[PDB]
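Asker: Following this message is one structure expressed as structure tokens.
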Amino acid sequence: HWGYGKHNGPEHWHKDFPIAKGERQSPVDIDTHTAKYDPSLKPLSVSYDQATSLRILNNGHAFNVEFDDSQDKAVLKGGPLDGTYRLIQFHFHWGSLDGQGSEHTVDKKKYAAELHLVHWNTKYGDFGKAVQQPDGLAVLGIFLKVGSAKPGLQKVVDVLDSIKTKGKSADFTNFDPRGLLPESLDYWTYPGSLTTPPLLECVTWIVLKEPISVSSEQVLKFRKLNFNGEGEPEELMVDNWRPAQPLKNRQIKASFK
Ligand SMILES: O=c1cccccc1O
Ligand SMILES: [Zn+2]
């Protein structure tokens, strides 16, 4: 099945998921010079103070921190959105080396990692219905640069030893995702897709301008995870990023001048 290696990676995905070659694929390069300021965009509204994290899961391609999305506990609205979107999970994409790992790029620059906070449009009832819709998801993407530690990430780093292999999970209650956010909520936005199979074109992407800094030790710990299952040959979970896709004349809008 699909992965990130030479024989099952991004170049191969189109065979099983032909939408890989679609008109609104992600990620993209964000060319800042050609992203137009849109004064009709609203500020983003991030309402996470009642977030209820549940669990952390190594799914074979990343680690997901899952939330209770059966009520409006942690929601995203405003910005480019015209609905309420409920947080279901966050995860990261990252590199084998600090100079690569993000999915989006900014003027062709790669960050060491990218955080995705995944939300679904509550008018569709459930995540599974939302992913059948062109406005079903909103993903808040945040770049990670290596520098100082991010204290609000450390609780995630600490638990990774307990979910080293595919299919492992651990309780992860009482995690506050607000400690993963940068100061500014200035963003770019464009219509796109999931960046992993099934690559569905459901996503309003909201990419924050301001990176967060994480330490070299924090990202090192991410790189000790495994793609494989327990008892299988060890394959370090690194370079789980899709490269930038053709923009296909979409326009990226900026909330800021
Ligand atoms: O950002 C994501 C959102 C939803 C599902 C799968 C994979 C992803 O990388
Ligand atoms: Zn992702």
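Labels for the structure tokens follow display order: chains A, B, ..., residues from 1 in each chain, ligands from 1.
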Can you tell me which residues surround stretch 28-37 of chain A at a distance of at most 6 Å, considering only C-alpha atoms, apart from same-chain residues fewer than 2 positions away, and format the answer as a ChimeraX atom specification?
Answerer: /A:26,104-107,244-245,252-257
Asker: Show me which residues line ligand 1, defined as having an atom within 8 Å of a ligand atom where only C-alpha atoms and all ligand atoms count, and present them as a VMD selection string.
Answerer: chain A and resid 90 to 93 116 to 118 139 194 to 198
Asker: Can you pull out every residue from stretch 41-250 of chain A that DSSP, working from the backbone, puts in helix (DSSP H, G or I), and format the result as number ranges by chain?
Answerer: A: 122-124, 127-130, 151-163, 177-180, 216-222
Asker: Put those residues in a file: N, CA, C and O atoms, as a short mmCIF file (atom, residue, chain, number, x, y, z; two decimals), in the first residue's frame.
Answerer:
data_model
loop_
_atom_site.label_atom_id
_atom_site.label_comp_id
_atom_site.auth_asym_id
_atom_site.auth_seq_id
_atom_site.Cartn_x
_atom_site.Cartn_y
_atom_site.Cartn_z
N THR A 122 -19.06 21.60 10.43
CA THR A 122 -20.10 20.95 11.22
C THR A 122 -21.40 20.83 10.46
O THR A 122 -22.24 20.04 10.86
N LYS A 123 -21.60 21.58 9.36
CA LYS A 123 -22.86 21.36 8.57
C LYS A 123 -22.94 20.02 7.96
O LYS A 123 -24.02 19.61 7.56
N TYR A 124 -21.84 19.31 7.91
CA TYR A 124 -21.84 17.96 7.33
C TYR A 124 -21.95 16.86 8.38
O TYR A 124 -21.89 15.66 7.98
N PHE A 127 -16.97 13.73 10.21
CA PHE A 127 -15.75 13.79 9.35
C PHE A 127 -15.89 13.03 8.09
O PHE A 127 -15.48 13.49 7.00
N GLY A 128 -16.51 11.86 8.14
CA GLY A 128 -16.64 11.03 6.96
C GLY A 128 -17.52 11.67 5.89
O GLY A 128 -17.19 11.55 4.73
N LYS A 129 -18.57 12.37 6.26
CA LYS A 129 -19.36 13.08 5.26
C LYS A 129 -18.64 14.29 4.77
O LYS A 129 -18.65 14.62 3.57
N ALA A 130 -17.99 14.97 5.71
CA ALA A 130 -17.24 16.21 5.36
C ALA A 130 -16.27 15.89 4.26
O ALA A 130 -16.10 16.76 3.38
N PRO A 151 7.76 25.01 24.46
CA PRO A 151 7.38 24.28 25.65
C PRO A 151 6.09 23.51 25.56
O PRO A 151 6.02 22.43 26.11
N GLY A 152 5.13 24.06 24.86
CA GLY A 152 3.82 23.43 24.64
C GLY A 152 3.82 22.20 23.75
O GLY A 152 2.83 21.44 23.75
N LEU A 153 4.96 21.94 23.11
CA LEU A 153 5.14 20.69 22.38
C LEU A 153 5.67 19.57 23.23
O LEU A 153 5.61 18.39 22.85
N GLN A 154 6.30 19.88 24.38
CA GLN A 154 7.03 18.86 25.05
C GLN A 154 6.24 17.67 25.53
O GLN A 154 6.73 16.56 25.47
N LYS A 155 5.00 17.90 25.97
CA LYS A 155 4.13 16.79 26.36
C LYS A 155 3.93 15.73 25.24
O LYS A 155 3.73 14.53 25.51
N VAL A 156 3.88 16.23 24.00
CA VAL A 156 3.80 15.32 22.83
C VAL A 156 5.11 14.57 22.70
O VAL A 156 5.09 13.35 22.53
N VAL A 157 6.24 15.27 22.70
CA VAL A 157 7.55 14.62 22.56
C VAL A 157 7.73 13.50 23.62
O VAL A 157 8.23 12.43 23.31
N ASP A 158 7.32 13.79 24.87
CA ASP A 158 7.51 12.93 26.04
C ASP A 158 6.83 11.57 25.80
O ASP A 158 7.24 10.57 26.36
N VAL A 159 5.69 11.52 25.12
CA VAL A 159 4.91 10.30 25.01
C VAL A 159 5.33 9.41 23.84
O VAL A 159 4.82 8.33 23.65
N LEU A 160 6.15 9.97 22.93
CA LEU A 160 6.48 9.25 21.69
C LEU A 160 7.09 7.88 21.90
O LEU A 160 6.80 7.01 21.06
N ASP A 161 7.86 7.70 22.96
CA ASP A 161 8.41 6.34 23.29
C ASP A 161 7.34 5.30 23.49
O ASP A 161 7.65 4.12 23.37
N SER A 162 6.12 5.67 23.81
CA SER A 162 5.06 4.72 24.04
C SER A 162 4.27 4.36 22.79
O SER A 162 3.54 3.39 22.80
N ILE A 163 4.48 5.10 21.68
CA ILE A 163 3.82 4.82 20.44
C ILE A 163 4.81 4.68 19.29
O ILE A 163 4.61 5.21 18.21
N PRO A 177 -3.93 22.41 22.89
CA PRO A 177 -3.29 22.75 21.60
C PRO A 177 -2.96 24.22 21.41
O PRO A 177 -2.21 24.57 20.51
N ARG A 178 -3.44 25.09 22.30
CA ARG A 178 -3.11 26.55 22.16
C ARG A 178 -1.63 26.74 22.36
O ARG A 178 -1.09 27.72 21.92
N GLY A 179 -0.94 25.82 23.04
CA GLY A 179 0.50 26.01 23.26
C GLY A 179 1.34 25.64 22.06
O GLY A 179 2.53 25.72 22.14
N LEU A 180 0.69 25.25 20.96
CA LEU A 180 1.42 25.02 19.70
C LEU A 180 1.35 26.19 18.71
O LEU A 180 1.94 26.10 17.61
N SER A 216 16.22 21.24 18.42
CA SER A 216 16.81 20.15 17.75
C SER A 216 16.43 18.85 18.45
O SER A 216 16.17 17.85 17.77
N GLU A 217 16.41 18.78 19.79
CA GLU A 217 16.03 17.57 20.50
C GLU A 217 14.56 17.18 20.30
O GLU A 217 14.28 15.99 20.25
N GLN A 218 13.67 18.17 20.22
CA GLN A 218 12.27 17.87 20.00
C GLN A 218 12.05 17.18 18.65
O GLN A 218 11.41 16.10 18.54
N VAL A 219 12.63 17.76 17.60
CA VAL A 219 12.44 17.11 16.27
C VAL A 219 13.21 15.80 16.15
O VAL A 219 12.73 14.87 15.52
N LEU A 220 14.38 15.67 16.80
CA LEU A 220 15.09 14.42 16.83
C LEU A 220 14.22 13.28 17.33
O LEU A 220 14.20 12.14 16.82
N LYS A 221 13.41 13.59 18.33
CA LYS A 221 12.53 12.61 18.92
C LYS A 221 11.45 12.17 17.95
O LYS A 221 11.05 10.99 17.91
N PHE A 222 10.96 13.07 17.14
CA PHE A 222 10.00 12.70 16.12
C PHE A 222 10.61 11.63 15.19
O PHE A 222 9.98 10.66 14.73
#
Asker: Tell me, which residues of stretch 155-243 of chain A carry DSSP strand (DSSP E or B), written as an MDAnalysis selection string?
Answerer: chainID A and resid 169:171 187:192 203:208 212:214 226 236
Asker: Quick one: write out the picked residues with N, CA, C and O atoms as a PDB file, in the first residue's frame?
Answerer:
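Output file out-v3.pdb follows:
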ATOM      1  N   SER A 169      -1.129   3.172  20.380  1.00  0.00           N
ATOM      2  CA  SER A 169      -1.728   4.388  20.902  1.00  0.00           C
ATOM      3  C   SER A 169      -1.539   4.518  22.387  1.00  0.00           C
ATOM      4  O   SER A 169      -1.188   3.495  23.105  1.00  0.00           O
ATOM      5  N   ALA A 170      -1.748   5.719  22.911  1.00  0.00           N
ATOM      6  CA  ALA A 170      -1.619   6.026  24.304  1.00  0.00           C
ATOM      7  C   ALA A 170      -2.651   7.051  24.689  1.00  0.00           C
ATOM      8  O   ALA A 170      -2.993   7.924  23.921  1.00  0.00           O
ATOM      9  N   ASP A 171      -3.168   6.998  25.915  1.00  0.00           N
ATOM     10  CA  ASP A 171      -3.979   8.067  26.448  1.00  0.00           C
ATOM     11  C   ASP A 171      -3.251   9.360  26.322  1.00  0.00           C
ATOM     12  O   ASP A 171      -2.034   9.472  26.525  1.00  0.00           O
ATOM     13  N   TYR A 187      -2.240  34.954   8.032  1.00  0.00           N
ATOM     14  CA  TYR A 187      -2.224  33.698   7.265  1.00  0.00           C
ATOM     15  C   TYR A 187      -2.277  33.916   5.780  1.00  0.00           C
ATOM     16  O   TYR A 187      -2.695  34.990   5.314  1.00  0.00           O
ATOM     17  N   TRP A 188      -1.952  32.852   5.053  1.00  0.00           N
ATOM     18  CA  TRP A 188      -2.284  32.690   3.637  1.00  0.00           C
ATOM     19  C   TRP A 188      -3.364  31.657   3.543  1.00  0.00           C
ATOM     20  O   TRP A 188      -3.458  30.745   4.374  1.00  0.00           O
ATOM     21  N   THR A 189      -4.178  31.731   2.507  1.00  0.00           N
ATOM     22  CA  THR A 189      -5.254  30.731   2.292  1.00  0.00           C
ATOM     23  C   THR A 189      -5.465  30.423   0.815  1.00  0.00           C
ATOM     24  O   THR A 189      -5.297  31.295  -0.037  1.00  0.00           O
ATOM     25  N   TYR A 190      -5.779  29.181   0.529  1.00  0.00           N
ATOM     26  CA  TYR A 190      -6.080  28.746  -0.839  1.00  0.00           C
ATOM     27  C   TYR A 190      -6.858  27.470  -0.751  1.00  0.00           C
ATOM     28  O   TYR A 190      -6.826  26.763   0.290  1.00  0.00           O
ATOM     29  N   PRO A 191      -7.563  27.048  -1.818  1.00  0.00           N
ATOM     30  CA  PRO A 191      -8.322  25.790  -1.862  1.00  0.00           C
ATOM     31  C   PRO A 191      -7.389  24.633  -2.295  1.00  0.00           C
ATOM     32  O   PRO A 191      -6.672  24.737  -3.295  1.00  0.00           O
ATOM     33  N   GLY A 192      -7.438  23.572  -1.528  1.00  0.00           N
ATOM     34  CA  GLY A 192      -6.606  22.428  -1.863  1.00  0.00           C
ATOM     35  C   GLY A 192      -7.131  21.104  -1.356  1.00  0.00           C
ATOM     36  O   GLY A 192      -8.315  20.875  -1.392  1.00  0.00           O
ATOM     37  N   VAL A 203     -10.270  20.732   1.160  1.00  0.00           N
ATOM     38  CA  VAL A 203      -9.571  21.511   2.199  1.00  0.00           C
ATOM     39  C   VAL A 203      -9.509  22.989   1.890  1.00  0.00           C
ATOM     40  O   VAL A 203      -8.942  23.393   0.849  1.00  0.00           O
ATOM     41  N   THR A 204      -9.987  23.853   2.782  1.00  0.00           N
ATOM     42  CA  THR A 204      -9.567  25.240   2.796  1.00  0.00           C
ATOM     43  C   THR A 204      -8.334  25.305   3.616  1.00  0.00           C
ATOM     44  O   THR A 204      -8.357  25.061   4.818  1.00  0.00           O
ATOM     45  N   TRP A 205      -7.194  25.554   2.990  1.00  0.00           N
ATOM     46  CA  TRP A 205      -5.912  25.631   3.689  1.00  0.00           C
ATOM     47  C   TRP A 205      -5.750  27.016   4.300  1.00  0.00           C
ATOM     48  O   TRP A 205      -5.973  28.013   3.592  1.00  0.00           O
ATOM     49  N   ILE A 206      -5.313  27.105   5.540  1.00  0.00           N
ATOM     50  CA  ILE A 206      -5.050  28.354   6.252  1.00  0.00           C
ATOM     51  C   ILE A 206      -3.626  28.141   6.757  1.00  0.00           C
ATOM     52  O   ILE A 206      -3.449  27.310   7.678  1.00  0.00           O
ATOM     53  N   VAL A 207      -2.641  28.746   6.176  1.00  0.00           N
ATOM     54  CA  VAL A 207      -1.214  28.528   6.527  1.00  0.00           C
ATOM     55  C   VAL A 207      -0.722  29.774   7.258  1.00  0.00           C
ATOM     56  O   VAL A 207      -0.728  30.856   6.675  1.00  0.00           O
ATOM     57  N   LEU A 208      -0.264  29.608   8.487  1.00  0.00           N
ATOM     58  CA  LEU A 208       0.159  30.770   9.266  1.00  0.00           C
ATOM     59  C   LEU A 208       1.497  31.303   8.741  1.00  0.00           C
ATOM     60  O   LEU A 208       2.434  30.542   8.397  1.00  0.00           O
ATOM     61  N   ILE A 212       6.585  28.489  14.330  1.00  0.00           N
ATOM     62  CA  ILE A 212       7.016  28.230  15.699  1.00  0.00           C
ATOM     63  C   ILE A 212       8.415  27.690  15.649  1.00  0.00           C
ATOM     64  O   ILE A 212       8.829  27.039  14.683  1.00  0.00           O
ATOM     65  N   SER A 213       9.174  27.909  16.736  1.00  0.00           N
ATOM     66  CA  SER A 213      10.482  27.284  16.908  1.00  0.00           C
ATOM     67  C   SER A 213      10.358  26.104  17.821  1.00  0.00           C
ATOM     68  O   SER A 213       9.647  26.206  18.837  1.00  0.00           O
ATOM     69  N   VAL A 214      11.017  25.037  17.414  1.00  0.00           N
ATOM     70  CA  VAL A 214      11.178  23.814  18.247  1.00  0.00           C
ATOM     71  C   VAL A 214      12.649  23.506  18.382  1.00  0.00           C
ATOM     72  O   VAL A 214      13.442  23.887  17.528  1.00  0.00           O
ATOM     73  N   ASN A 226       8.744   4.994  14.219  1.00  0.00           N
ATOM     74  CA  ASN A 226       8.856   3.959  13.151  1.00  0.00           C
ATOM     75  C   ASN A 226       7.611   3.944  12.284  1.00  0.00           C
ATOM     76  O   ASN A 226       6.450   3.986  12.797  1.00  0.00           O
ATOM     77  N   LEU A 236      12.720   4.096  10.075  1.00  0.00           N
ATOM     78  CA  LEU A 236      12.495   5.358  10.819  1.00  0.00           C
ATOM     79  C   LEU A 236      11.437   6.198  10.104  1.00  0.00           C
ATOM     80  O   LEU A 236      11.452   6.377   8.863  1.00  0.00           O
TER      81      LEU A 236
END
Asker: With only C-alpha atoms as the counted atoms, please give the residues lying no more than 9 Å from residue A:209, apart from itself and same-chain residues fewer than 6 positions off, as a PyMOL selection string.
Answerer: chain A and resi 142-143+184-188
Asker: Please list as a list in words every residue within 12 Å of residue A:21, counting only C-alpha atoms and excluding residues in the same chain fewer than 3 positions away.
Answerer: residues 10, 11, 12, 13, 14, 15, 16, 17, 18, 24, 25, 26, 193, 198, 199, 200, 201, 245, 246, 247 and 248 of chain A
Asker: Next, dump the selected residues to file, keeping only N, CA and C atoms, as a compact mmCIF listing (two decimals), in the first residue's frame.
Answerer:
# COMPACT_ATOMS: atom_id res chain seq x y z
N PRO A 10 5.16 9.43 -3.07
CA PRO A 10 4.35 10.45 -3.80
C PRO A 10 4.29 10.30 -5.32
N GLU A 11 5.34 9.82 -5.96
CA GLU A 11 5.34 9.60 -7.42
C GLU A 11 4.45 8.46 -7.81
N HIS A 12 4.14 7.56 -6.86
CA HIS A 12 3.34 6.38 -7.17
C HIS A 12 1.86 6.57 -6.86
N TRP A 13 1.52 7.55 -5.99
CA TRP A 13 0.17 7.59 -5.47
C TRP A 13 -0.95 7.68 -6.49
N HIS A 14 -0.66 8.32 -7.61
CA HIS A 14 -1.71 8.52 -8.63
C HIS A 14 -2.31 7.23 -9.18
N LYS A 15 -1.55 6.17 -9.07
CA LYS A 15 -2.05 4.86 -9.65
C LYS A 15 -3.28 4.38 -8.86
N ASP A 16 -3.23 4.46 -7.51
CA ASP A 16 -4.36 4.06 -6.73
C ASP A 16 -5.33 5.26 -6.43
N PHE A 17 -4.81 6.50 -6.48
CA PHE A 17 -5.59 7.70 -6.17
C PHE A 17 -5.39 8.70 -7.27
N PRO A 18 -6.16 8.55 -8.39
CA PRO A 18 -5.86 9.40 -9.52
C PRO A 18 -6.11 10.90 -9.33
N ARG A 24 -6.73 20.74 -7.69
CA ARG A 24 -6.54 21.54 -6.49
C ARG A 24 -5.79 20.70 -5.43
N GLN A 25 -4.62 20.18 -5.85
CA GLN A 25 -3.78 19.37 -4.94
C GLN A 25 -2.90 20.18 -4.05
N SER A 26 -2.59 19.60 -2.89
CA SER A 26 -1.69 20.19 -1.91
C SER A 26 -0.59 19.27 -1.58
N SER A 193 -6.23 20.24 -0.97
CA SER A 193 -6.54 18.83 -0.74
C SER A 193 -5.85 18.27 0.52
N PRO A 198 -6.28 9.55 0.92
CA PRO A 198 -6.84 9.57 -0.44
C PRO A 198 -6.79 10.89 -1.25
N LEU A 199 -6.08 11.90 -0.70
CA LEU A 199 -5.83 13.12 -1.52
C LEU A 199 -7.06 13.93 -1.88
N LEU A 200 -8.12 13.78 -1.12
CA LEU A 200 -9.41 14.35 -1.47
C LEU A 200 -9.37 15.87 -1.42
N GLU A 201 -10.12 16.46 -2.36
CA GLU A 201 -10.08 17.87 -2.51
C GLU A 201 -11.09 18.65 -1.73
N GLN A 245 3.00 20.75 -5.21
CA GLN A 245 2.20 20.39 -6.36
C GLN A 245 1.92 21.61 -7.23
N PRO A 246 1.57 21.34 -8.49
CA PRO A 246 1.29 22.48 -9.36
C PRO A 246 0.08 23.29 -8.84
N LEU A 247 0.28 24.59 -8.90
CA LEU A 247 -0.76 25.49 -8.45
C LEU A 247 -1.97 25.52 -9.35
N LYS A 248 -1.76 25.31 -10.65
CA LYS A 248 -2.91 25.22 -11.55
C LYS A 248 -3.78 26.49 -11.46
Asker: Which residues come within 10 Å of residue A:9, counting only C-alpha atoms, excluding same-chain residues fewer than 5 positions away, as an MDAnalysis selection string?
Answerer: chainID A and resid 1:4 14 240:242
Asker: For those residues, write N, CA, C and O atoms to a file as a PDB file, in the first residue's frame.
Answerer:
ATOM      1  N   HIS A   1       0.868  -1.229   0.000  1.00  0.00           N
ATOM      2  CA  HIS A   1       0.000   0.000   0.000  1.00  0.00           C
ATOM      3  C   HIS A   1       0.901   1.275   0.000  1.00  0.00           C
ATOM      4  O   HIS A   1       2.107   1.205  -0.257  1.00  0.00           O
ATOM      5  N   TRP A   2       0.317   2.447   0.191  1.00  0.00           N
ATOM      6  CA  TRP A   2       1.083   3.671  -0.071  1.00  0.00           C
ATOM      7  C   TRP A   2       2.025   4.002   1.089  1.00  0.00           C
ATOM      8  O   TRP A   2       1.801   3.638   2.264  1.00  0.00           O
ATOM      9  N   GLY A   3       3.010   4.827   0.795  1.00  0.00           N
ATOM     10  CA  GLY A   3       3.948   5.280   1.789  1.00  0.00           C
ATOM     11  C   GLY A   3       4.756   6.456   1.310  1.00  0.00           C
ATOM     12  O   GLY A   3       4.288   7.217   0.481  1.00  0.00           O
ATOM     13  N   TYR A   4       5.962   6.580   1.798  1.00  0.00           N
ATOM     14  CA  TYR A   4       6.878   7.606   1.457  1.00  0.00           C
ATOM     15  C   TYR A   4       8.197   7.105   0.874  1.00  0.00           C
ATOM     16  O   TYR A   4       9.083   7.920   0.628  1.00  0.00           O
ATOM     17  N   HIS A  14      -0.662   8.324  -7.611  1.00  0.00           N
ATOM     18  CA  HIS A  14      -1.705   8.519  -8.625  1.00  0.00           C
ATOM     19  C   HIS A  14      -2.309   7.225  -9.178  1.00  0.00           C
ATOM     20  O   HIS A  14      -3.424   7.250  -9.693  1.00  0.00           O
ATOM     21  N   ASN A 240       8.128  12.201   5.845  1.00  0.00           N
ATOM     22  CA  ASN A 240       6.717  11.886   5.582  1.00  0.00           C
ATOM     23  C   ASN A 240       5.983  13.128   5.059  1.00  0.00           C
ATOM     24  O   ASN A 240       4.862  13.438   5.543  1.00  0.00           O
ATOM     25  N   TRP A 241       6.560  13.797   4.049  1.00  0.00           N
ATOM     26  CA  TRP A 241       6.044  14.996   3.424  1.00  0.00           C
ATOM     27  C   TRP A 241       5.875  14.725   1.943  1.00  0.00           C
ATOM     28  O   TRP A 241       6.669  14.024   1.322  1.00  0.00           O
ATOM     29  N   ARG A 242       4.793  15.278   1.399  1.00  0.00           N
ATOM     30  CA  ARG A 242       4.589  15.351  -0.032  1.00  0.00           C
ATOM     31  C   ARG A 242       5.180  16.622  -0.564  1.00  0.00           C
ATOM     32  O   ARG A 242       5.034  17.664   0.066  1.00  0.00           O
TER      33      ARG A 242
END
Asker: Applying 10 Å and only C-alpha atoms, which residues near residue A:42 remain after dropping the ones on its own chain fewer than 4 positions away? List them as a short mmCIF file (atom, residue, chain, number, x, y, z; two decimals) with N, CA, C and O atoms, in the first residue's frame.
Answerer:
data_model
loop_
_atom_site.label_atom_id
_atom_site.label_comp_id
_atom_site.auth_asym_id
_atom_site.auth_seq_id
_atom_site.Cartn_x
_atom_site.Cartn_y
_atom_site.Cartn_z
N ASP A 38 -5.93 40.33 0.64
CA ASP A 38 -7.37 40.41 0.45
C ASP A 38 -7.97 41.10 1.67
O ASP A 38 -8.12 40.46 2.72
N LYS A 77 -13.21 29.20 13.10
CA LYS A 77 -14.14 29.91 12.25
C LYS A 77 -13.50 31.25 11.86
O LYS A 77 -12.33 31.49 12.14
N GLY A 78 -14.24 32.05 11.13
CA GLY A 78 -13.68 33.33 10.63
C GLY A 78 -12.66 33.07 9.57
O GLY A 78 -12.71 32.03 8.85
N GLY A 79 -11.70 33.98 9.42
CA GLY A 79 -10.74 33.86 8.38
C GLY A 79 -11.45 33.84 7.04
O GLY A 79 -12.40 34.58 6.79
N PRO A 80 -11.13 32.86 6.14
CA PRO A 80 -11.80 32.68 4.91
C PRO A 80 -13.06 31.84 4.98
O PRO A 80 -13.74 31.67 3.98
N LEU A 81 -13.38 31.34 6.17
CA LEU A 81 -14.40 30.31 6.30
C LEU A 81 -15.79 30.90 6.45
O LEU A 81 -15.93 31.98 7.01
N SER A 255 -3.89 37.44 4.38
CA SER A 255 -4.68 38.22 5.30
C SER A 255 -4.00 39.47 5.75
O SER A 255 -4.58 40.18 6.56
#
